[PDB]
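S.K.: Data file protein.txt (compact mmCIF, N, CA, C and O atoms) is appended below.
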# COMPACT_ATOMS: atom_id res chain seq x y z
N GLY Z 2060 -1.32 -12.86 -3.70
CA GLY Z 2060 -1.57 -11.55 -3.12
C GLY Z 2060 -1.04 -10.42 -3.98
O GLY Z 2060 -1.20 -10.44 -5.20
N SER Z 2061 -0.42 -9.44 -3.34
CA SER Z 2061 0.13 -8.29 -4.06
C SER Z 2061 1.38 -7.76 -3.35
O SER Z 2061 1.38 -7.57 -2.14
N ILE Z 2062 2.43 -7.52 -4.13
CA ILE Z 2062 3.68 -7.01 -3.58
C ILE Z 2062 3.98 -5.61 -4.11
O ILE Z 2062 3.75 -5.32 -5.28
N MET Z 2063 4.49 -4.75 -3.24
CA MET Z 2063 4.83 -3.38 -3.62
C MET Z 2063 6.16 -3.33 -4.35
O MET Z 2063 7.03 -4.19 -4.16
N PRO Z 2064 6.34 -2.31 -5.21
CA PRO Z 2064 7.57 -2.13 -5.98
C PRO Z 2064 8.75 -1.72 -5.11
O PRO Z 2064 8.64 -0.86 -4.24
N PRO Z 2065 9.91 -2.36 -5.35
CA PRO Z 2065 11.13 -2.08 -4.59
C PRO Z 2065 11.71 -0.70 -4.91
O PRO Z 2065 12.79 -0.59 -5.48
N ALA Z 2066 10.97 0.34 -4.54
CA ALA Z 2066 11.41 1.71 -4.78
C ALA Z 2066 12.81 1.95 -4.21
O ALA Z 2066 13.54 2.81 -4.69
N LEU Z 2067 13.17 1.17 -3.20
CA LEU Z 2067 14.48 1.30 -2.56
C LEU Z 2067 15.56 0.61 -3.40
O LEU Z 2067 16.70 0.49 -2.97
N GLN Z 2068 15.18 0.17 -4.59
CA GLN Z 2068 16.11 -0.50 -5.49
C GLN Z 2068 17.31 0.39 -5.80
O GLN Z 2068 18.44 0.07 -5.46
N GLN Z 2069 17.04 1.52 -6.45
CA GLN Z 2069 18.09 2.46 -6.80
C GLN Z 2069 18.83 2.96 -5.56
O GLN Z 2069 20.01 3.30 -5.62
N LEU Z 2070 18.12 2.99 -4.44
CA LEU Z 2070 18.70 3.44 -3.18
C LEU Z 2070 19.87 2.55 -2.77
O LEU Z 2070 20.91 3.04 -2.33
N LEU Z 2071 19.69 1.24 -2.91
CA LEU Z 2071 20.73 0.28 -2.56
C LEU Z 2071 22.01 0.55 -3.34
O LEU Z 2071 23.10 0.62 -2.77
N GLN Z 2072 21.87 0.71 -4.65
CA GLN Z 2072 23.02 0.98 -5.51
C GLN Z 2072 23.62 2.35 -5.21
O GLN Z 2072 24.82 2.57 -5.40
N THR Z 2073 22.78 3.26 -4.74
CA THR Z 2073 23.23 4.61 -4.41
C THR Z 2073 24.25 4.59 -3.28
O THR Z 2073 25.02 5.54 -3.11
N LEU Z 2074 24.24 3.52 -2.50
CA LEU Z 2074 25.16 3.37 -1.38
C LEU Z 2074 26.61 3.27 -1.87
O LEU Z 2074 27.54 3.57 -1.14
N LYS Z 2075 26.77 2.86 -3.12
CA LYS Z 2075 28.10 2.72 -3.72
C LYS Z 2075 28.26 3.67 -4.90
O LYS Z 2075 28.91 4.71 -4.79
N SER Z 2076 27.67 3.30 -6.03
CA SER Z 2076 27.75 4.11 -7.24
C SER Z 2076 26.45 4.88 -7.47
O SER Z 2076 25.40 4.54 -6.93
N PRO Z 2077 26.53 5.95 -8.28
CA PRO Z 2077 25.37 6.79 -8.60
C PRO Z 2077 24.36 6.06 -9.48
O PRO Z 2077 24.71 5.17 -10.25
N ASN Z 2078 23.09 6.46 -9.36
CA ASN Z 2078 22.03 5.85 -10.15
C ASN Z 2078 20.77 6.72 -10.14
O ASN Z 2078 20.45 7.34 -9.13
N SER Z 2079 20.07 6.75 -11.27
CA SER Z 2079 18.85 7.54 -11.38
C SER Z 2079 17.74 6.97 -10.51
O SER Z 2079 17.72 5.78 -10.19
N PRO Z 2080 16.79 7.83 -10.12
CA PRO Z 2080 15.66 7.43 -9.29
C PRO Z 2080 14.67 6.53 -10.03
O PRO Z 2080 13.51 6.89 -10.22
N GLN Z 2081 15.15 5.36 -10.45
CA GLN Z 2081 14.31 4.41 -11.17
C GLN Z 2081 13.09 4.03 -10.34
O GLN Z 2081 12.05 4.68 -10.42
N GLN Z 2082 13.22 2.96 -9.56
CA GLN Z 2082 12.13 2.49 -8.72
C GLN Z 2082 11.80 3.50 -7.63
O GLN Z 2082 10.64 3.67 -7.26
N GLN Z 2083 12.82 4.18 -7.13
CA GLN Z 2083 12.64 5.18 -6.08
C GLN Z 2083 11.74 6.31 -6.56
O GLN Z 2083 11.33 7.16 -5.77
N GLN Z 2084 11.45 6.32 -7.86
CA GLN Z 2084 10.60 7.35 -8.44
C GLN Z 2084 9.34 7.56 -7.60
O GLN Z 2084 9.01 6.73 -6.76
N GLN Z 2085 8.66 8.67 -7.85
CA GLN Z 2085 7.43 8.99 -7.12
C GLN Z 2085 7.59 8.66 -5.63
O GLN Z 2085 6.76 7.96 -5.05
N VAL Z 2086 8.65 9.18 -5.03
CA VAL Z 2086 8.92 8.94 -3.61
C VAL Z 2086 7.70 9.30 -2.76
O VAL Z 2086 7.40 8.62 -1.78
N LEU Z 2087 7.01 10.36 -3.15
CA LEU Z 2087 5.83 10.81 -2.42
C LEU Z 2087 4.85 9.66 -2.21
O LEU Z 2087 4.31 9.49 -1.12
N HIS Z 2088 4.64 8.87 -3.25
CA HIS Z 2088 3.73 7.73 -3.18
C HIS Z 2088 4.21 6.72 -2.15
O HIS Z 2088 3.41 6.03 -1.52
N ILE Z 2089 5.53 6.63 -1.98
CA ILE Z 2089 6.12 5.70 -1.03
C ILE Z 2089 5.74 6.07 0.40
O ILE Z 2089 5.52 5.20 1.24
N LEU Z 2090 5.67 7.37 0.67
CA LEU Z 2090 5.32 7.85 2.00
C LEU Z 2090 3.90 7.45 2.37
O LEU Z 2090 2.95 7.72 1.63
N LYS Z 2091 3.75 6.81 3.53
CA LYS Z 2091 2.44 6.37 4.00
C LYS Z 2091 1.74 5.53 2.94
O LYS Z 2091 0.63 5.85 2.51
N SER Z 2092 2.39 4.44 2.53
CA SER Z 2092 1.83 3.55 1.52
C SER Z 2092 2.25 2.11 1.78
O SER Z 2092 1.42 1.24 2.05
N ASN Z 2093 3.55 1.86 1.69
CA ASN Z 2093 4.09 0.52 1.91
C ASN Z 2093 5.33 0.57 2.80
O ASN Z 2093 6.44 0.28 2.37
N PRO Z 2094 5.13 0.94 4.07
CA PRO Z 2094 6.21 1.04 5.05
C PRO Z 2094 6.77 -0.33 5.44
O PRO Z 2094 7.80 -0.43 6.10
N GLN Z 2095 6.08 -1.38 5.02
CA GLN Z 2095 6.50 -2.74 5.32
C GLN Z 2095 7.73 -3.13 4.51
O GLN Z 2095 8.83 -3.23 5.05
N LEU Z 2096 7.54 -3.33 3.21
CA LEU Z 2096 8.64 -3.70 2.32
C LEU Z 2096 9.51 -2.49 2.00
O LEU Z 2096 10.74 -2.58 1.97
N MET Z 2097 8.87 -1.35 1.77
CA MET Z 2097 9.58 -0.12 1.45
C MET Z 2097 9.97 0.63 2.72
O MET Z 2097 10.17 1.84 2.70
N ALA Z 2098 10.06 -0.10 3.83
CA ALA Z 2098 10.43 0.49 5.11
C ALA Z 2098 11.69 1.34 4.98
O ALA Z 2098 11.92 2.24 5.78
N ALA Z 2099 12.50 1.03 3.97
CA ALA Z 2099 13.74 1.77 3.74
C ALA Z 2099 13.48 3.26 3.64
O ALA Z 2099 13.87 4.03 4.52
N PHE Z 2100 12.81 3.67 2.57
CA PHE Z 2100 12.50 5.08 2.35
C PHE Z 2100 11.67 5.64 3.51
O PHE Z 2100 12.02 6.66 4.10
N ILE Z 2101 10.57 4.96 3.82
CA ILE Z 2101 9.69 5.38 4.90
C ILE Z 2101 10.49 5.67 6.17
O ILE Z 2101 10.50 6.80 6.67
N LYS Z 2102 11.14 4.64 6.70
CA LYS Z 2102 11.94 4.78 7.91
C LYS Z 2102 13.04 5.81 7.72
O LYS Z 2102 13.41 6.52 8.66
N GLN Z 2103 13.57 5.89 6.50
CA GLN Z 2103 14.63 6.85 6.19
C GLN Z 2103 14.13 8.28 6.30
O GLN Z 2103 14.90 9.20 6.58
N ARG Z 2104 12.83 8.46 6.08
CA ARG Z 2104 12.22 9.79 6.16
C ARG Z 2104 12.22 10.31 7.59
O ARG Z 2104 11.25 10.12 8.33
N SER Z 2105 13.31 10.96 7.98
CA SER Z 2105 13.43 11.50 9.33
C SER Z 2105 13.52 10.38 10.36
O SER Z 2105 12.51 10.00 10.96
N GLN Z 2106 14.72 9.86 10.56
CA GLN Z 2106 14.94 8.78 11.51
C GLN Z 2106 15.99 9.17 12.55
O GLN Z 2106 17.19 9.01 12.31
N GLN Z 2107 15.54 9.68 13.68
CA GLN Z 2107 16.44 10.10 14.75
C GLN Z 2107 16.73 8.94 15.70
O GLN Z 2107 15.81 8.38 16.31
N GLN Z 2108 18.00 8.58 15.82
CA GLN Z 2108 18.41 7.49 16.70
C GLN Z 2108 18.80 8.02 18.08
O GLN Z 2108 19.28 9.14 18.21
N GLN Z 2109 18.58 7.19 19.10
CA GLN Z 2109 18.91 7.58 20.47
C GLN Z 2109 18.11 8.80 20.90
O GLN Z 2109 18.64 9.70 21.56
Would you write out, as C-alpha cells, the structure that this file holds?
M.R.:
Amino acid sequence: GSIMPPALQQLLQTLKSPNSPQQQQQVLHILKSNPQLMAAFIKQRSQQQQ
C-alpha cells in the first residue's frame, strides 16, 4: 500500500530538546490529509478537552 510521512517526527523530539521542522515541514499539507497516522499534528490543531 502507501504510508504517509511521519511529519510528527520532529514533534516528538521537540517534547524534550529543540529540533528543526524536518518531517513536520509543510504542516499545511498535513492538515486534512493524513489524520490517521499524522493524527498528532491534525488532532493537535485546536484540541479543546472537556
S.K.: Set the distance at 8 Å and use all atoms listed in the file: which residues neighbour range 2067-2081 of chain Z once local chain neighbours fewer than 2 positions away are removed? I'd like the list as a ChimeraX atom specification.
M.R.: /Z:2064-2065,2083-2086,2096-2100
S.K.: Write down as an mmCIF file with N, CA, C and O atoms, in the frame of the given file the residues of chain Z whose backbone DSSP state falls under alpha helix (DSSP H).
M.R.:
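The resulting file, states11.cif, is reproduced below:
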data_model
loop_
_atom_site.group_PDB
_atom_site.id
_atom_site.type_symbol
_atom_site.label_atom_id
_atom_site.label_comp_id
_atom_site.auth_asym_id
_atom_site.auth_seq_id
_atom_site.Cartn_x
_atom_site.Cartn_y
_atom_site.Cartn_z
ATOM 1 N N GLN Z 2068 15.180 0.170 -4.590
ATOM 2 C CA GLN Z 2068 16.110 -0.500 -5.490
ATOM 3 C C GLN Z 2068 17.310 0.390 -5.800
ATOM 4 O O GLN Z 2068 18.440 0.070 -5.460
ATOM 5 N N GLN Z 2069 17.040 1.520 -6.450
ATOM 6 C CA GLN Z 2069 18.090 2.460 -6.800
ATOM 7 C C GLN Z 2069 18.830 2.960 -5.560
ATOM 8 O O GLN Z 2069 20.010 3.300 -5.620
ATOM 9 N N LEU Z 2070 18.120 2.990 -4.440
ATOM 10 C CA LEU Z 2070 18.700 3.440 -3.180
ATOM 11 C C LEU Z 2070 19.870 2.550 -2.770
ATOM 12 O O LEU Z 2070 20.910 3.040 -2.330
ATOM 13 N N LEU Z 2071 19.690 1.240 -2.910
ATOM 14 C CA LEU Z 2071 20.730 0.280 -2.560
ATOM 15 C C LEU Z 2071 22.010 0.550 -3.340
ATOM 16 O O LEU Z 2071 23.100 0.620 -2.770
ATOM 17 N N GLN Z 2072 21.870 0.710 -4.650
ATOM 18 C CA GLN Z 2072 23.020 0.980 -5.510
ATOM 19 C C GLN Z 2072 23.620 2.350 -5.210
ATOM 20 O O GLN Z 2072 24.820 2.570 -5.400
ATOM 21 N N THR Z 2073 22.780 3.260 -4.740
ATOM 22 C CA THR Z 2073 23.230 4.610 -4.410
ATOM 23 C C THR Z 2073 24.250 4.590 -3.280
ATOM 24 O O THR Z 2073 25.020 5.540 -3.110
ATOM 25 N N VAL Z 2086 8.650 9.180 -5.030
ATOM 26 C CA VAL Z 2086 8.920 8.940 -3.610
ATOM 27 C C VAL Z 2086 7.700 9.300 -2.760
ATOM 28 O O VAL Z 2086 7.400 8.620 -1.780
ATOM 29 N N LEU Z 2087 7.010 10.360 -3.150
ATOM 30 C CA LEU Z 2087 5.830 10.810 -2.420
ATOM 31 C C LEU Z 2087 4.850 9.660 -2.210
ATOM 32 O O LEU Z 2087 4.310 9.490 -1.120
ATOM 33 N N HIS Z 2088 4.640 8.870 -3.250
ATOM 34 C CA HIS Z 2088 3.730 7.730 -3.180
ATOM 35 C C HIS Z 2088 4.210 6.720 -2.150
ATOM 36 O O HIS Z 2088 3.410 6.030 -1.520
ATOM 37 N N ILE Z 2089 5.530 6.630 -1.980
ATOM 38 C CA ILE Z 2089 6.120 5.700 -1.030
ATOM 39 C C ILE Z 2089 5.740 6.070 0.400
ATOM 40 O O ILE Z 2089 5.520 5.200 1.240
ATOM 41 N N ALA Z 2098 10.060 -0.100 3.830
ATOM 42 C CA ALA Z 2098 10.430 0.490 5.110
ATOM 43 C C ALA Z 2098 11.690 1.340 4.980
ATOM 44 O O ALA Z 2098 11.920 2.240 5.780
ATOM 45 N N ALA Z 2099 12.500 1.030 3.970
ATOM 46 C CA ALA Z 2099 13.740 1.770 3.740
ATOM 47 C C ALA Z 2099 13.480 3.260 3.640
ATOM 48 O O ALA Z 2099 13.870 4.030 4.520
ATOM 49 N N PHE Z 2100 12.810 3.670 2.570
ATOM 50 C CA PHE Z 2100 12.500 5.080 2.350
ATOM 51 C C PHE Z 2100 11.670 5.640 3.510
ATOM 52 O O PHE Z 2100 12.020 6.660 4.100
ATOM 53 N N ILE Z 2101 10.570 4.960 3.820
ATOM 54 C CA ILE Z 2101 9.690 5.380 4.900
ATOM 55 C C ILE Z 2101 10.490 5.670 6.170
ATOM 56 O O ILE Z 2101 10.500 6.800 6.670
ATOM 57 N N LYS Z 2102 11.140 4.640 6.700
ATOM 58 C CA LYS Z 2102 11.940 4.780 7.910
ATOM 59 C C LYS Z 2102 13.040 5.810 7.720
ATOM 60 O O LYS Z 2102 13.410 6.520 8.660
ATOM 61 N N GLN Z 2103 13.570 5.890 6.500
ATOM 62 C CA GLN Z 2103 14.630 6.850 6.190
ATOM 63 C C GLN Z 2103 14.130 8.280 6.300
ATOM 64 O O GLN Z 2103 14.900 9.200 6.580
#
S.K.: Find the residues around residue 2063 in chain Z up to 10 Å (only C-alpha atoms counted), leave out those fewer than 4 positions away in its own chain, and share them as a PyMOL selection string.
M.R.: chain Z and resi 2089+2092-2097
S.K.: In Å, with one decimal, what is the gap from CA of residue 2091 in chain Z to atom N of residue 2103 in chain Z?
M.R.: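 So the answer is 11.4 Å.
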S.K.: Between Z:2061, Z:2107, Z:2066, Z:2102, single out the one closest to residue 2088 in chain Z, counting only C-alpha atoms.
M.R.: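 The shortest atom-to-atom distance to residue 2088 in chain Z comes from Z:2066.
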S.K.: Range 2096-2100 of chain Z, all listed atoms, 3 Å padding on each side: what axis-aligned box centre and edge lengths in Å to one decimal come out, as AutoDock Vina command-line options?
M.R.:
--center_x 10.7 --center_y 1.5 --center_z 3.6 --size_x 12.3 --size_y 16.4 --size_z 10.3
